[PDB]
Amino acid sequence: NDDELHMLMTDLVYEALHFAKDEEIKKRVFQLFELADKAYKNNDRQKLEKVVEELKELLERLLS
Amino acid sequence: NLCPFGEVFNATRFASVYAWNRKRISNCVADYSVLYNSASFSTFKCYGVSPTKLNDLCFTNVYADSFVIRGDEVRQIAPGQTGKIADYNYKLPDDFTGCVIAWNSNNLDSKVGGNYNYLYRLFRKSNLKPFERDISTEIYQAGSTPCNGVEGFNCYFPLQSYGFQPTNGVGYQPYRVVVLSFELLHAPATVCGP
Ligand SMILES: *[C@@H]1O[C@H](CO[C@@H]2O[C@@H](C)[C@@H](O)[C@@H](O)[C@@H]2O)[C@@H](O[C@@H]2O[C@H](CO)[C@@H](O)[C@H](O)[C@H]2NC(C)=O)[C@H](O)[C@H]1NC(C)=O
């Protein structure tokens, strides 16, 4: 679902910016947010899913 | 003179979480048995007080802070918790005294095409103070270069919407949340049980 996915995206962004101990991390996370925001508005499901996948890998690395 | 709980729990519209609505209750009879035993609530968590003893207490004030949040975020409406809601939208103090009541409102706040009228704050410069209502729409400054009020590269409108559609899974359902904050300071104790 597109709306569930958007809500997931924002959760990943919040956590990613919580554990973003390095400034470079924050920059990457913000970039990904911008891409997701655009994809959401234009109903591009594949692009939005791709950002979410990238955010998950990012966050998993930060947490582990 | 009964307390206007029917104006809180049965409200036609709940406020968005970024701008929660505080209803002050005083000088009335507060029957809490109807709220505890309603059996329509999925969450009923009290801090500093036992749910079944509420009718035996009298209060200086009762404040009902009402708002809509997402199912997975219900766990953040508690003292000592963190997360985007606990930190940027609705912060409860570590010594919070009161009861947090929530229920699944999918059949009320979710339209077939999706209800997008509920907003939350995703970006903020710092964490909220307990019970602070930040309803500013100033563009969030993510980068080092001043945004000057315009959205763009490393500049964001701080509020996001909740896409609540009726086909969502449980964690993505809307929940109506009412937090009853209790003041038990020396006072006339104007609002209390029957
Ligand atoms: C919140 O409202 C419910 C039900 O809504 C009211 O009753 C409907 C029949 C209709 O007239 C609505 O416009 C009203 O707002 C209340 O639940 C009722 O409680 C009474 C008393 O115990 C019981 O006899 C009824 O059968 C219940 N009806 C239903 C549908 O549950 C509920 O008590 C209200 N809660 C608060 C805090 O006001």
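Here Cβ is always computed from backbone atoms with ideal geometry, including for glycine, and neighbour counts include all displayed protein chains. Please treat every number below as a calculation from the coordinates, not as lab data.
With the Cα gyration tensor of the stretch A:2-63 giving a ≥ b ≥ c as the square roots of its eigenvalues, does the rule (a/c under 1.5 for rounded; else a/b larger than b/c for prolate; else oblate) give rounded, prolate or oblate? Since a/c reaches 1.5 and a/b is larger than b/c, the shape of the stretch A:2-63 is classed as prolate.
Scan the stretch B:52-143 for GluC sites (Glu not before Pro) in coil per DSSP, keeping those whose Cβ has at most 12 other Cβ atoms within 10 Å, and list them by number. Sparse-neighbourhood loop GluC sites (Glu not before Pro): B:132, B:138. Computed 3J(HN,Hα) for the stretch A:11-28, one whole-Hz value per residue from the Karplus formula 6.51 cos²θ - 1.76 cosθ + 1.60 where θ = phi - 60°, is 5, 5, 5, 4, 5, 4, 7, 8, 9, 7, 5, 9, 5, 4, 5, 4, 4, 5, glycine and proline marked x.
With the Kirkwood sum run over all distinct C-alpha pairs, the protein assembly as shown has a hydrodynamic radius of 19.7 Å.
Taking 24 Å as the limit for the C-alpha separation, the pairs A:50/B:111; B:23/B:91; B:23/B:129; A:26/A:56 exceed it in the case of A:50/B:111. For the stretch B:170-181, backbone phi angles converted through the Karplus equation (6.51, -1.76, 1.60; θ = phi - 60°) give residue-by-residue couplings of 4, x, 10, 7, x, 10, 8, 10, 10, 10, 9, 8 Hz, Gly and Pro being listed as x. In order along the stretch B:151-156, the Karplus-derived 3J(HN,Hα) couplings, from 6.51 cos²θ - 1.76 cosθ + 1.60 at θ = phi - 60°, round to 5, x, 4, 6, 9, 10 Hz, and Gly and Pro are given as x.
For residue B:103, list long-range residues whose amide hydrogen, built 1.01 Å from N in the peptide plane, is under 5 Å from its own amide hydrogen. Here the answer is B:42, B:176, since their amide H atoms fall under 5 Å of that of residue B:103.
Per residue of A:7-14, other chain Cβ atoms within 10 Å of the residue Cβ number 5 on average. Over all Cα atoms in chain B, the spread is summed up by Rg and Dmax: 18.0, 59 Å. Annotation for the stretch B:132-194: chymotrypsin sites (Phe, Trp or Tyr not before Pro) lying in DSSP loop with at most 13 further Cβ atoms inside 10 Å of their Cβ are B:153. Every Cα-Cα pair in the stretch B:114-165 was counted, and those over 13 Å apart are 62% of them.
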